[PDB]
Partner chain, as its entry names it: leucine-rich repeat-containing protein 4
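Next comes just one chain, in structure tokens: the form deposited without its partner chain.
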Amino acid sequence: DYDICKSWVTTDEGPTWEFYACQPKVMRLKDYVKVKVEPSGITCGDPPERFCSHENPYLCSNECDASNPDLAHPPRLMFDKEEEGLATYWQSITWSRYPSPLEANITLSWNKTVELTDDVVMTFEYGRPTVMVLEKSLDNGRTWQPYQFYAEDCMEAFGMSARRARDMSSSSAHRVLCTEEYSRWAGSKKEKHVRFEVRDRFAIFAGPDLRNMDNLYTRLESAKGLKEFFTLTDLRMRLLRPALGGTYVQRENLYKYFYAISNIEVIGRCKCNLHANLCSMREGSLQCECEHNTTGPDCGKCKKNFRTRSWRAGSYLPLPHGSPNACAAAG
């Protein structure tokens, strides 16, 4: 939708461009991400360390060794292409420091404003976390805010009630919530995925089958905060407690507790303020290819000779084609 920024047509005075509101295509945003995993030393394998392989097989004699490619689990394995039968994953050290918390931050950076268009799916291989917060930034990691909380027990963990995104109403579609859906029981079901529900929130407007896109586009234009809720320059997974298998920690086998993430899927498009339908790597980071006489990485300002009036974003409205709201040169 909103696929073309400009057309070359002929009116009298002859040939001229006509402009339309436009946006770039949805991308596999994990293919563009830069990752940081903290604190120092959290990645397994330096020094080599064994862990239990859910087999378990009671022995627990598998090894993570950062020095051997066959046995190493660096952060880039969270984003790779996987062939059938061969999940690859980042892996933390085991909880050998228990009762000290086992905590890891995974920061996902684009150095570019992007808009999610489907769920964020974070897939864990030996148990999802019992407690984690997904945070985002809109200013390249200068400030952070909570995006969704996750806990086996939302009250105990964060003083929050247990909710679900699909339970939110039109006025609460951008509300930050705590959910127990991906964390209560973690370690025992082998469900693997923790989600940040985007599609459920779009459904608040577009219906359960997402067929009423007209109403979602209208709300995205008009509801303050709605489009921004889906926008970010960075996400951070603040992992606070690993899977427990819905039972108490077995102190004599700390080798079964660890985080292992095989894939983080982030799907969405560059934010171009309805002024670009292409966004591409330039000077090492994504930037919109701005149309409508705009400029800046998100088409958020007017080009130097086109400053006769204030910059505006393009609009989705009126439906179906919206409005380009292009910058204007004098006269």
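Numbering follows the first chain given and starts at 1. What we label the rigid core is the largest C-alpha set whose atoms superpose within 1.5 Å from one form to the other.
Heads up, the form solved in complex with its partner chain isn't pictured, but that's what we're talking about next.
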{"query": "Candidate stretches 62-70, 35-43, 260-268, 273-281 - the one whose heavy atoms come within 4.5 Å of its partner chain in the deposited bound form", "finding": "62-70"}
{"query": "is_contact(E55, its partner chain) in the deposited bound form, heavy atom dist at most 4.5 Å", "finding": "yes"}
{"query": "Distance check, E221 to its partner chain in the deposited bound form, heavy atom within 4.5 Å", "finding": "no"}
{"query": "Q145 within 4.5 Å of its partner chain in the deposited bound form, heavy atoms", "finding": "no"}
{"query": "Contact test in the deposited bound form: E252 vs its partner chain, heavy atoms, 4.5 Å", "finding": "yes"}
{"query": "Contact assignment for its partner chain in the deposited bound form, among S161, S169, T247, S100, heavy atom within 4.5 Å", "finding": "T247"}
{"query": "Residue among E228, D80, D153, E191 with a heavy atom within 4.5 Å of its partner chain in the deposited bound form", "finding": "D153"}
{"query": "Residue showing a 2 Å-or-more C-alpha displacement between this form and the one not shown once the rigid core is overlaid, selected from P39, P47, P69, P57", "finding": "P57"}
{"query": "Post core alignment: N111 C-alpha displaced by 2 Å or more between this form and the one not shown", "finding": "no"}
{"query": "Cα displacement of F196 between this form and the one not shown reaching 2 Å, rigid core superposed", "finding": "no"}
{"query": "Core-superposed comparison between this form and the one not shown, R238 Cα displacement 2 Å or beyond", "finding": "no"}
{"query": "Residue pair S188, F124 - Cα distance in the deposited bound form, closer or farther (3 Å or more)", "finding": "closer"}
{"query": "In the deposited bound form, shift in Cα separation for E125 relative to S188, 3 Å or more", "finding": "closer"}
